[PDB]
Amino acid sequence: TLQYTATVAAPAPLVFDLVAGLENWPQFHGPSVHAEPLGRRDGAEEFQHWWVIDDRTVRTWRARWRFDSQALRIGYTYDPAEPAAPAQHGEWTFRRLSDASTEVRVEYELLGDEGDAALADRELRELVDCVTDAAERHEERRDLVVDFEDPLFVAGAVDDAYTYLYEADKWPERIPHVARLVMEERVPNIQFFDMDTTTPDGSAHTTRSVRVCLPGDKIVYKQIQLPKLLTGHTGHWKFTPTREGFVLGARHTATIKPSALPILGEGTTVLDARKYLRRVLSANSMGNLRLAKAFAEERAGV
């Protein structure tokens, strides 16, 4: 049995919550793109995981988790991943050292012979490092992290709006200011693209996104090449049926980089950056939502 232990300057329940909240790892852990709950399996919670492991490759695998918020323990088993990574079995424990200090310990084993133990060790340490940072900077992140979702009712079929937001390779001809989009989808329903967006002031900004596409449900994405103002940006396009149509949701979770605040002008505060992002990101997304809505409603005979 292998082991890694670290000290986190935050309360144990907060650290436990960060690790247990699998769907939110993408908010503070670089490689994490999504985690999708798949139901129970005799008391365990089954999940599918997606990590971006280089700028054109995603690793996905199935896992089963056991969360104990009373004992502050988390058990997990990973099936073998694609591309190959070994099966793994482990346990997290979170131990009080003081009111605001915690000892995190992970004990685990790789199953089988074919793994890269060095790689697995480094990946665990980076995850624990990210947990540590998110926990220790919890109060600061309440100001740096801009998290919101804007909905729009659509009187039509989910599949039509889903197709519209899924076929991003067509956006340059459909969505204003989308000047270029270079799509890669070698693995079905896992997309990478570079995108150039123009703005009224001349300049054009390139970003790169990775998306996990869940047909009929949602598209979850993460920007892996970011604007200078951000250290993180995740979001989705979500489709929620109602009795009279469905409600398309555009979420953004964007993390401000304090050192880049001056990019918005002399005197820019964190709140100024939050206001900028909330307005600019929602305006861009609402443009997409209204286009997807029109597309779906047209196909529904209005």
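Residues carry their position along the shown sequence, with the first being 1.
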Selected stretch [higher average CA B-factor]: 265 to 273 or 247 to 255: 265 to 273
32 to 40 versus 66 to 74 - which carries the larger mean C-alpha B factor in the record: 66 to 74
Highest recorded Cα temperature factor - choice among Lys218, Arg211, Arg208, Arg186: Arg186
Residue selected from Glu107, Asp194, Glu167, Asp150 by maximal Cα B factor: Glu107
Third of chain Cα B-factors occupied by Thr163: lowest
Third of chain Cα B-factors occupied by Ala204: highest
Chain third (lowest, middle, highest) by recorded CA B-factor, residue given as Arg122: middle
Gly232 by Cα B-factor - lowest, middle or highest third of the modelled chain: lowest
Where the record places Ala260 (Cα B-factor, split into thirds across the chain): highest
